[PDB]
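Both backbone and side-chain heavy atoms feed into the values below; hydrogens, waters and symmetry mates do not. So that the names make sense, note that chain A is the first sequence line, chain B the second, and so on, each numbered from 1.
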Amino acid sequence: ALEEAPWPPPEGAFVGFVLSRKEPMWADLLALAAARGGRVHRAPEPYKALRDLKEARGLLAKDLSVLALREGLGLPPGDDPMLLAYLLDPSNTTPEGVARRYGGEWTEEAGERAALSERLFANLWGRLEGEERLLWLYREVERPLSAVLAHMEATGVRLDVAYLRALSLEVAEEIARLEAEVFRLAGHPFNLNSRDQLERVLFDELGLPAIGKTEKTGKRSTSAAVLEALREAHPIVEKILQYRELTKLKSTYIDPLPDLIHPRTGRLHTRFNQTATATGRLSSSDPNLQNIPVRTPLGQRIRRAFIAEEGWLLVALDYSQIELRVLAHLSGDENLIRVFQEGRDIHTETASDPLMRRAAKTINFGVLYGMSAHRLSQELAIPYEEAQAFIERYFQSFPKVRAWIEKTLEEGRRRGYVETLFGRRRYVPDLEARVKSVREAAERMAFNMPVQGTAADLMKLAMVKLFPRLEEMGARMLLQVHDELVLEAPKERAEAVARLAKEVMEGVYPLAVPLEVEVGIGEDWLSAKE
DNA sequence: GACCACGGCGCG
DNA sequence: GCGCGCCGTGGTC
Ligand SMILES: [Mg+2]
């Protein structure tokens, strides 16, 4: 890319482009260019020029496709060096960094971005020559997935705006009721939203016992974990907890979301970031729709705001304990495989009563993070000696797991990275740090990655297979929440879509244990998840 | 207006 | 106790 040739470029050229802002559904296309065969082409007028391309090839290809889709153009994303770099090392999350690392500089000029894409792809494609397992993931998973993601982003999800507007007004009144009561008890008003000001009121002015400290600055914590333990030591604690929940939900979801309705589509549009996590998971932002409330009663009222287009229904599909099932497969623990094989509730089969079923439930999902025998003692109110005993029992039942954990750590130590089932890797150097706390944190990141990552690989593969089947049925894929999918289907075909999608997901890639999926259909995200 | 670090907390 | 992104605060620029 030196010789400047008039627009348009030949087929298979690498594209460069500049957006007025990061969100492709909200961005003005400021500039457009392309590079191939030692030439560089600059679009005279970007929007018109966008019609000439057959495929978005280059850095951030998906983002350009979303924008093209926004304009009614079918311009699928192709090769993207970010995906190649992300597979080589998932700390490769930005074009700045990737450019610097593999032979260029991420500028604000379209033509230069185009030439940077061509050059980087050439280099990175070289790195992946011989990495057959990473190459497989690029071709069979990441690249095809990027097209699926572009369609999800361009499609958006419908939101009951009036409903949320109304909800805001109600919650505002309850928050006022809580804050006024807090201020009485405090004997003086202050900024309840300021944790620094709260810290002094609680532990200095009210003399409540401080418990824990914040991580970075070592102030006395006012976290929910701390407050919970004080729910009895003063009536102000409960009111603050109730205040925290309402203001969190109101300020993060109820108020901002209605203002984000796109004028042209009348729907809400997220971004599914494909090179953003250390484990291979997607992330979601602007806004994040992967952390919409669901666990509390108010959270559930908010979720009801996500609804199906008129004439359609939402279809919600959820993998059941995918990470546990993946661990059974990776570890090869016969006993745990056995609990899934004969379709047991696990949390009781593993218990091998009330406390024992809930204890087994938490521990089953604690071994994946390396839950400390302490937090366990906290969760069961059982001494640190008894909790520490369970874990040993849990592992005596499922020895292959400890062996896998230990084997995973040992290998990570030697090679400097760990792998998912498909060979997606994460580099974790701190496995040999000499500070115990730091080393043991790296360890928990390290042996969790193959599990969380494998689950992500499976879900991604499932999306790639499922998407074409949905198009041919006239249904849409709307959201992905790590181990869940939310589709939208015409009422007539909803039931059939629900049936097919479930089967696709369960049979995406058979393991030593079966994958289970629950599927519901409904007019709103909450209704559909029942 | 924008950036950051932090504590805090929403979800899987 | 793993993986994220966003809030308000507090501080800067
Ligand atoms: Mg943080």
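Looking at A:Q452, its side chain comes within 3.5 Å of the base of C:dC2 through a donor and an acceptor atom. For A:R444 against C:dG1, a side-chain-to-base donor-acceptor contact under 3.5 Å is absent.
Protein atom CG of A:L324 is 18 Å distant from nucleotide atom P of C:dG1, rounded to whole Å. Atom CH2 of A:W525 is separated from atom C1' of B:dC11 by 9 Å (rounded to the nearest Å). In this entry the distance linking NE2 of A:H374 with P of C:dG1 reads 8 Å, nearest Å. For the pair A:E323 CD and B:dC11 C1', the interatomic distance rounds to 13 Å; values are reported in whole Å. Nucleotide C:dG1 holds its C1' atom 11 Å from the CE atom of A:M445, rounded to whole Å. Distance, A:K361 NZ to C:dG1 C1': 14 Å, rounded to whole Å. Remark: P of B:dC11 and CZ of A:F306 are 12 Å apart, rounded to the nearest angstrom. In this structure, A:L485 atom CG and B:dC11 atom P are separated by 19 Å, rounded to whole Å.
Heavy atoms only, all atoms of each residue included: A:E443 and A:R413 are closest at OE2-NH1, 3.8 Å. When all heavy atoms are compared, the tightest approach of A:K239 to A:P235 is CG-O, 3.6 Å.
Listed for the A:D160 side chain is a donor-acceptor partner under 3.5 Å among the backbone atoms of A:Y163.
Judged by the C1'-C2'-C3'-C4' torsion, the sugar of B:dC9 sits on the south side, since the angle is negative.
Classified by interplanar angle (parallel below 30°, tilted 30° to 60°, perpendicular above 60°), the ring pair A:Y384/A:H374 is tilted.
Ion pair A:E406/A:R402 not flagged as a salt bridge, since none of the NZ, NE, NH1 or NH2 atoms sits closer than 4.0 Å to an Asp/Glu carboxylate oxygen. The pair A:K407-A:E410 fails the salt-bridge criterion, with no side-chain N (NZ, NE, NH1 or NH2) lying under 4.0 Å from an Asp/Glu carboxylate O. No salt bridge links A:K529 with A:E518; every basic N to acidic carboxylate O contact stays at or beyond 4.0 Å.
Between A:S372 and A:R444, the side chains place no donor N or O within less than 3.5 Å of an acceptor N or O (distance only, hydrogens not considered). No hydrogens or angles considered: nothing links the side chains of A:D196 and A:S194 as a donor-acceptor pair under 3.5 Å.
Remark: A:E181 CD is packed, more than 12 non-hydrogen atoms of other residues, nucleotides or ligands lying under 6.0 Å away.
A:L249 comes within 4.0 angstrom of sugar-phosphate atoms only, judged by non-hydrogen atoms across all strands, and of no base. Using a 4.0 Å heavy-atom cutoff across all strands shown, A:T222 reaches sugar-phosphate atoms only and no base atom. Among the protein residues, A:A224 comes within range of the sugar-phosphate backbone only, with heavy atoms under 4.0 Å from sugar or phosphate atoms but none that close to a base. Using a 4.0 Å heavy-atom criterion, one finds that A:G366 contacts no nucleic acid atom at all.
Residue A:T214 places at least one side-chain N or O under 4.0 Å from the OP1 or OP2 atom of B:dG7.
Summarising the base pairing, C:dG1 is matched to no nucleotide, lacking a Watson-Crick or G-U wobble pair whose two defining distances lie under 3.5 Å.
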(request) Scan nucleotides 4-13 of chain C nucleotide by nucleotide, 5' to 3', and note B when protein non-hydrogen atoms come under 4.0 Å of the base, S if they reach only the sugar-phosphate, - if neither. (result) SSSSSSS---
What are the atom names and distances for every N/O pair under 3.5 Å that joins the protein to nucleotides 1-3 of chain B?
none

